[PDB]
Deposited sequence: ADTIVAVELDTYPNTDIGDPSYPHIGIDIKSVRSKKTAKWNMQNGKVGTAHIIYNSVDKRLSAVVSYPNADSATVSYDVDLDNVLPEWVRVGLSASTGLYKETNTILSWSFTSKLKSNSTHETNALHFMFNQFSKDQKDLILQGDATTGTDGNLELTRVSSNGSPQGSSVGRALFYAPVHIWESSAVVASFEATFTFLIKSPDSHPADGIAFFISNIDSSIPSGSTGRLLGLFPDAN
């Protein structure tokens, strides 16, 4: 079973398993039950910005989500990621739909990892995605090319999102993300678009065991990240 650290963008509140009563960002450590959340005033059809940061000094996992000329949502939680995750990881985005649905649409994604024993580094930047985007490991329903974006869940030829969908995008190379100062910054832009009165289920940035894969039946409320609601 995979070991998951994730920052979630949770559009659909599953109160029966812990979610607050509103859309919300939060920090997920080994569980879909967030260890901390904030209210996230999601904006249908609006392109948004997510930034995630962590360093081995403060060991504060932190993230912002915003739309232009609006109040951001902010969440942060103390984690020694070197204690929780393995030496090598992969970095990625995940998303899912259920009974309810939305487009889970990635217009850009960037990452920068620095380790200082002295310094090793990795950086990659996606402002567009192509149909055969060979430096991404695409899993589940994830495609690229159309147009020219990364789409995590299923969406029709005219742009209409489909329920009970799950997909992930992992950058191809593993990342050394702690050694016995270190830091990483992740940035992405997303476009959640839904005809439903309630959209679902949300996007996530995650860091996993190198050989992580979507768990069986992880559509909907489990975001492509988790075996179960535990």
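Residues of the deposited sequence lacking C-alpha coordinates fall in the stretches 118 to 121, 185 to 187, numbered from 1.
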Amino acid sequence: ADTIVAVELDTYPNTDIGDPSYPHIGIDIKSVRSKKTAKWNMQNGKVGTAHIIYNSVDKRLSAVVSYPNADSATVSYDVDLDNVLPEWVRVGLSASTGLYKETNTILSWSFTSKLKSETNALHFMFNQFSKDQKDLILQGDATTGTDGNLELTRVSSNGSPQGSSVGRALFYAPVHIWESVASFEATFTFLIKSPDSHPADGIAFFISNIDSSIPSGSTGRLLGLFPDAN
From here on, numbers count along this sequence of modelled residues.
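Higher mean CA temperature factor between 203 to 211 and 10 to 18: 10 to 18, per the PDB entry. Taking the PDB entry as given, 19 to 27 carries the higher mean Cα B factor of the two stretches 19 to 27 and 214 to 222. Which of 140, 98, 145, 92 has the largest Cα B-factor in the deposited entry comes down to 145.
Highest CA B-factor among the listed residues (121, 136, 150, 155): 155. Among the modelled residues of its chain, residue 172 has a C-alpha B-factor that falls in the lowest third according to the deposited record.
Split the chain's modelled residues into thirds by C-alpha temperature factor. Residue 110 is in the lowest one. Per-chain ranking of the deposited C-alpha B factor places residue 194 in the highest third. Residue 58: CA B factor lies in the lowest third for its chain, per the PDB record. For residue 166, the recorded CA B-factor ranks within the lowest third of the chain. Only modelled residues enter the ranking.
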